[PDB]
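Here's the structure, in structure tokens; my notes come after.
Number of protein chains: 6
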Amino acid sequence: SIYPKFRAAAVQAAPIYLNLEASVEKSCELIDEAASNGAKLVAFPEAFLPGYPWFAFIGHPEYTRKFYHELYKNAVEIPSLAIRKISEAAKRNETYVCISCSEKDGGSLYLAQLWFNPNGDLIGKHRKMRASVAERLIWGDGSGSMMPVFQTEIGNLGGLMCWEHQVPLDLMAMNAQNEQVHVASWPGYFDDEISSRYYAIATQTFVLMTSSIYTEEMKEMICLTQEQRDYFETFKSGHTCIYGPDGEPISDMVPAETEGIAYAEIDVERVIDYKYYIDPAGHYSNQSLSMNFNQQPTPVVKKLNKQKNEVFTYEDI
Amino acid sequence: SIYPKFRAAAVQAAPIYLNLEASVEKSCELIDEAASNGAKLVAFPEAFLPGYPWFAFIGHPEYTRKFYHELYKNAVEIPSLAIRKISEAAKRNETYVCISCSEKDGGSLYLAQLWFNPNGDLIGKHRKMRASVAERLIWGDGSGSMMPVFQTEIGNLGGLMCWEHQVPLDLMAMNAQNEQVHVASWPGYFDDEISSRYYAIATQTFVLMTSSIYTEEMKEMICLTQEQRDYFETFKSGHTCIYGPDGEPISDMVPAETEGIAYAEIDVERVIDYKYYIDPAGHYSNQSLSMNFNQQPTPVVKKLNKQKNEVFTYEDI
Amino acid sequence: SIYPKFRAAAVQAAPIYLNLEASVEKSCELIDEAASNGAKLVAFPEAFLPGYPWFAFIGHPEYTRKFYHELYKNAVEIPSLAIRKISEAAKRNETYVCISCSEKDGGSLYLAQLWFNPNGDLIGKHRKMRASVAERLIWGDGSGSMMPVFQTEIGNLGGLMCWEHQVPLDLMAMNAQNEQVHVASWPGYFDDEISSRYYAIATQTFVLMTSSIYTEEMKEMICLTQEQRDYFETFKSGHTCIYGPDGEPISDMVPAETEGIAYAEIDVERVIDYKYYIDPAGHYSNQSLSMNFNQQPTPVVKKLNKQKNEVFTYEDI
Amino acid sequence: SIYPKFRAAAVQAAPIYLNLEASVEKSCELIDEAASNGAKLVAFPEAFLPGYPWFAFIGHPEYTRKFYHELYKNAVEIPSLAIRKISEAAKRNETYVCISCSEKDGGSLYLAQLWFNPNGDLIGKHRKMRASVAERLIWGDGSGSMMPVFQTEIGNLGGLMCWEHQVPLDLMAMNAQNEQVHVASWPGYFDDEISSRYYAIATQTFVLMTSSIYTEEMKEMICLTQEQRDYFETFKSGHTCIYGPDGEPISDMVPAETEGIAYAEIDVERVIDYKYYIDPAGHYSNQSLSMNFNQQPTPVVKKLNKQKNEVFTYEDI
Amino acid sequence: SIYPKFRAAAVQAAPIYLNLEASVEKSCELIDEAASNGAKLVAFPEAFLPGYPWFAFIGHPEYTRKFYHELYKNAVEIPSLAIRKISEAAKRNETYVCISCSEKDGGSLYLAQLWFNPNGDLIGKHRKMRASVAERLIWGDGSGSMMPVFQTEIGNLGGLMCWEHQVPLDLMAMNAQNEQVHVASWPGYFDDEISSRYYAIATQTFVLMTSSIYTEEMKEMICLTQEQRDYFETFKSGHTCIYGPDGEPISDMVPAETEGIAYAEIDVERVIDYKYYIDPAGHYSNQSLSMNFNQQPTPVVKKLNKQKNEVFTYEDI
Amino acid sequence: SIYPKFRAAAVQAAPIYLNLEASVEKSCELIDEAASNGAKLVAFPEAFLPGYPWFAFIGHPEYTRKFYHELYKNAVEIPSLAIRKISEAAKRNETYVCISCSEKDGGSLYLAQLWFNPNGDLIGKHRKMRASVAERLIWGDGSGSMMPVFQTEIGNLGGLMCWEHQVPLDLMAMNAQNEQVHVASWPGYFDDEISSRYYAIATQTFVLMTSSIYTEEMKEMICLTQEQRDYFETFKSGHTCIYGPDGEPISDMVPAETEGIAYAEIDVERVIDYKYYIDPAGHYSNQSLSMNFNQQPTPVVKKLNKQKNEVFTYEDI
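Protein chains in written order, with the deposited numbering: chain L, 3 to 319; chain B, 3 to 319; chain A, 3 to 319; chain C, 3 to 319; chain S, 3 to 319; chain E, 3 to 319.
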């Protein structure tokens, strides 16, 4: 029950497309750059580590099958070198970090947000509940047991990705847990300055809207024909900004498609002035409408009492 | 998280019926033959070392009692000479070996697959979970603690025996462990082309399908009367082949009852193109259907704090 | 517990693409044709009534957004004239009917199999558990409450669609309810001879595999350019046949893409001989592996105690 | 805690082979025969209703496959007319009845003992925990949740079938529930005196040992050849007697293969004199040896929240 | 895994009552008798060496206190002359010997079975797990550390005393260790042919049943009053016989309660023919019922790091 | 950590021998008598409810057989009318009660101390750890999980029975739990004054010593002969008294073999003056000597997941 005051940073950038190793070091450089200015929280746009699958939108599924190979080879398993590097970066600069990636758990990929701690440990993970229009060909669905809210030294943190903001049930689920600071991860194509502002208004929290940008090498490796190139050249871009609990901006929007970072002074004490008006899960409720939030871990196959098997060594035999 | 390339061998042959030592030397010779051609994985047909109990299918239980004696005297206990011979064979040719036998563990027999490692150590064992129609008179059942998948230098290996392929729960248990190369041990009497191809399709794996053959010297001791002989003369044969992740053959099927070996170049990186379509334990899942894989060791009688007792020697007294 | 003998027909045909009104009358004529030869059970290939969304495979999502308009307009709602006419046809010929169609319930489309009694009543419905690679764009997912198996005058009927045969948990769910006759619905593109035969072997049932075909009028509207026409020309067709409990054909496979119907004589008494060997949900089970089948109805929003409100008419006011 | 005194009847008889309908009326008239002499508890030999499958012991499994058809057709599903008739008979004569039958649940057969109250209700069921030898071809296995002991007006009742008396863990499971009267169901082929006498001595209970007999009409159909006839003619018969808590007979044993009934005056007060000496699950125990008894129900597929579904009748459409 | 063939001797005799030094002479005199006939295994009755405490059954606890004096002073300390004389008797005749005695360890008496190798070394010991009825006033209890099964050159040997055969958990502990030849020590009073015969079939072992006899000189010291003399004259005598794995005697038992020895040709390989039928700890097991066997040594006071302390001799001081 | 002051009562009385119903009402009237004088804790002598088995000491086991019947029929099961009456008595007077009885659990009797709360609830139970010389024919042993010390409004309470005071490990186990008030249950025959005072001195507690008395009606049914009558006439009686933390009496001892109650004012503040001197489980300890207290529940058979099975009523069938 604390109301801290800190400095936040929302990073707008693009990775080295479908190259995990280079993206990790670029992310570490960005973390160091943002922390050097005094940020206590750093957020990254979306699917930042391997890269967002734009190929899934400009070709038929059999064409997407070619690049699914490269995306699969560059995924981020939870015990991995990429996570070790990002943990080192988070601890070195003593900042919370929220970086999203194409996690793989078994034989399938998922889109996850990995949360780190000034101590450098992975405090949680959030999987996307449903994939968007063409993301359904790439990532699987999540579960209700992976929508955490972390009580930390900088308030109750949380986040959502892309069109998770247009589903009122997720808004209610996050409001139930008393979120105070929100990280909104977006790609560049979709319209994001209306969902994030409304989320800030309705849930009464600061929102760090982060968006990605398009590089030339991405287009070179993605677009094969001229029709694909001229179709992909018409994709718009998303903006990066920080919003207050009332929905008005509190920072300076990153000016254009160029790389940049937006800083703001977040005073969690200010959300109280707006909890006075509307609280959807509190005083501003009706007994007729309710919600069920089942959050049991529900993997397809549950394994119990797994023990370690012995090996009869060559000397033993 | 590796996707190697290697050469696989699927051995088709028949043992010296109900004679352990002759079968063991034959197995070693076959392993050397397969290795001399460059194979990195050698798979053996079924119940190979003593021989498959065909007597149980062509006579009443009191007739099968006569041959249960000979089968029992030729069983393979885990510490034994046969296992050390196979270990030497595996280490000498630096190949993985998957050979099945009628394991003896205590008072009765079990059918097990033994997995050997290029260093010559028995990396694991797998017991059949349920004996087929007439095999219920010979072997006991296995457990869930003995369905391992080995993460090795040539991918994630595994296997099942005979009609374990027609139990969907075993398919789910194996798929939940992310298996990539599968060994399908079959005898000669059952139809095995549909089950193996479907398994390859539905688990996205390379399936080494191995089957045994009949010998006249076997019929000399198995069949006693002319009715038994003419009944056993109608048993169909089993084929040997290697299938790709899509179920289509990638090798040359062994032509006929003739003893032989089938070779293929297995590239584990080709399963990624098919995880894109279907993944039963991953993205292709529904929250309403689930599974419980309880894999605790469940022997009939657990012994704790096993101790070695003292002996008062004749000199001592 | 009855074991009837009856004649069944498997229909291979294609509709008037994306035209519900013509497709319904076409299906009625096909039902009359099948019933005039003595068939007591008529099955239909897949997504028959409006047609299968082939456009989703040969173009990027923005190209599919246009054809989604026409597909949505021609969808089937349960209280509609399509069901009216199909029920009339079923009662007229006193036969069971299994027709698949793109049902719509609310603002979203689903793919369902509709079952009609000889009296003409819609005895049940079954939504596809999860769409395949490219149909994720078009249809939503079903739930466990919609996997019925119907006890009828001709056995225990049931059915699945397309790749629901490659999900072992679906096989177990259907088997646990003691199915006897299975209707497999396929489109032409995918390989279906292995999945259906394996399903027949594993579940010990008669499988009526039905597959659609490509019309020349469909390519007129689906293919807009030459790079799409040449690609769509390479889509292979599917086969239609009826299989016995052992996976061996019991009818004459429809010879080619030409529209036709396959007839077979089904003797449900024959499944008992093959329940003697294997019963995955019965005696051929293990206690370490078990399945959970939660069949609670789970819509997103549950509406309770709804009533018919009153409206004050003009004369009243 | 009550120690009643009553009269018991142990029945020696054989059914009309594989003729469930006639066997049921035979068993009913036998219940009236036993009750008209004052018997308060009636027990039947084993697998009485359809008939014990002797065909599995005198031929190869491909020959048992034929008679499995007839056995399957005559199996007893719990909601059946056979149970209706047996309940009517039990209520009519106000006696406890213990009848064994080849129960069928789904697609598989099981061997069960059905217990009926004097009120006519089915108080419990007990499935055999493991089939013996050739029985494994016919029946599945039970579980731990189906080993009940019933507190009744005539003491604590219970029972086991055939070789369940040679498994010490079954003895311990029954002893831990404080059984007082035991019904031992036996076929005629095995040696039953020693096992039942030892069970009576070790568990300190009265044992009603019932055994079946061979009819000529059974051999006229089971033995197809002369070798099988001469082989089956050598099967020894089983005895029928009632034993005391000390293993000494307390009734005149049924003399020979002739059908008959054995009567005894059971006085459950007498077991106290022998609980004085030994009580394996009580004062005669050691802390180093222990037993684990898991009584959870373990069906292969668990179904939750089953709800009856609606059908849109013809008039509605 | 060896299956030898040898001759076994089951000795029936009575000791010189409560005279340890005189019974040890008789024991050796009887080992020579059996060995000179070709016996390779000699078994003796219960509490043979000092004598069995019959006084505990025919008088109140204060009358028994007088005779506990004589029994206590004739107990067998493990390092003692009684064991030295029996140790050299085994090596002199090169036979295995199993002799029961009233061991004393510390300040209390225990009932133990001592096993001697053909080389004369005490290979193991087995304490009774629980005294029977009146024996509770004389002997303490054993533990799980004292239930050994010896792998020898004549099979796997084991033993139990008196009512340890009626405790089903004791049967499972020995069966868990794969015993093949059993020695059943009984005194005269109890009924033994029923528990020992069942143990043969329930465990598939040859059983050497040895029993004691009543002497006239035993009744002189035991029976004081005439009321005791007539009561002690109604004690039924035991029997000595050897049973096969079938449960049927293989030797002509001793003619009566005189002194004699029974011989048999034990062939261990034929226990295989009965492991085919039933194996409680192996293939004939159900996962619901299991047992725990904690075989840690559990003395009341555990001592560690016992050392040697010096004595300062009169010369040193 | 409270140190209350209250009044305690130690009861000397005898029950109506082997008659539970009369003994219970006698106990209730004694509790009322004690409470009417202000007593806040009432303790009862030994095995009170059915009566102590004196027959075991004056006759051989076959004579004790007869009276074991009457003892068994009068045993106190935990859900019984005797416990209901005792709880009613305890709540009606609002006093703590400690009563010993021959509990039965299953087919075996146990000797237990039952503890009741001023609210009338059975707060705990304590089975005797080991039965005395002739009590071994009657009662079984307890375990380590049934040695509780209850933290109450009148201090920490506990108790032991008879020769459990001569076992130093019991003293240490009670000391480790910080007992403050102790109830020593004794029968008449043994010597009790020396052990109770030593327990008080060694554990620094107030000891309520209670003992029984021989009645004339008991000898009529116990002593069947004159040799038994004159022998039983020599048994010496016990003493009832209350001792301080130093073994010095703090109350007037009940004079002779007469029913009576001893009253004392107990001030638990006085144990502090004696924890100053010695505390065996505390500051007065040595690292060389240690004790293990394994207090897991160890019933012979453990039952898991017990559930209530359904019954099909007559109407349903």
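For each residue, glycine too, the CB sits at the ideal point set by N, CA and C.
C-beta neighbour in chain S for residue i, strict 8 Å
i        : result
B/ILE319 : yes
C/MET174 : yes
Alpha helix (DSSP H) segment containing residue i, residue limits
i        : result
A/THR236 : Segment: none, A/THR236 is in no alpha helix (DSSP H) and carries neither H nor E.
B/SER197 : 195-205
Minimum Cβ-Cβ distance from residue i to chain B less than 8 Å
i        : result
C/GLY61  : yes
S/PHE237 : no
Neighbour flag for residue i against chain A, beta carbons, 8 Å
i        : result
C/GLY109 : yes
B/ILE244 : no
Residue interval of the beta strand (DSSP E) (run including residue i)
i        : result
S/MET211 : 208-212
L/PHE69  : Careful: L/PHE69 lies outside any beta strand (DSSP E), inside the alpha helix (DSSP H) at 63-75.
A/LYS106 : 98-106
C/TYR265 : 262-269
CB contact below 8 Å: residue i versus chain C
i        : result
E/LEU51  : no
E/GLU259 : no
E/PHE314 : yes
Residue i burial status per 10 Å Cβ neighbour count (16 or more: buried)
i        : result
S/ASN180 : buried
B/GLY157 : buried
B/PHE295 : buried
S/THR227 : exposed
L/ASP275 : exposed
C/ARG86  : exposed
A/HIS71  : exposed
Cβ distance (whole Å) where residue i is taken to contact residue j below 8 Å
i        : j        : result
L/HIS167 : L/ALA186 : 7 Å
B/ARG132 : A/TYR286 : 6 Å
A/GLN115 : A/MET174 : About 19 Å; that fails the 8 Å criterion.
For residue j and residue i, the rounded distance between their alpha carbons
i        : j        : result
A/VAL183 : A/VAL270 : 8 Å
E/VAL13  : E/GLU31  : 12 Å
A/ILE280 : A/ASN177 : 12 Å
A/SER239 : A/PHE50  : 15 Å
B/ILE60  : B/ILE101 : 26 Å
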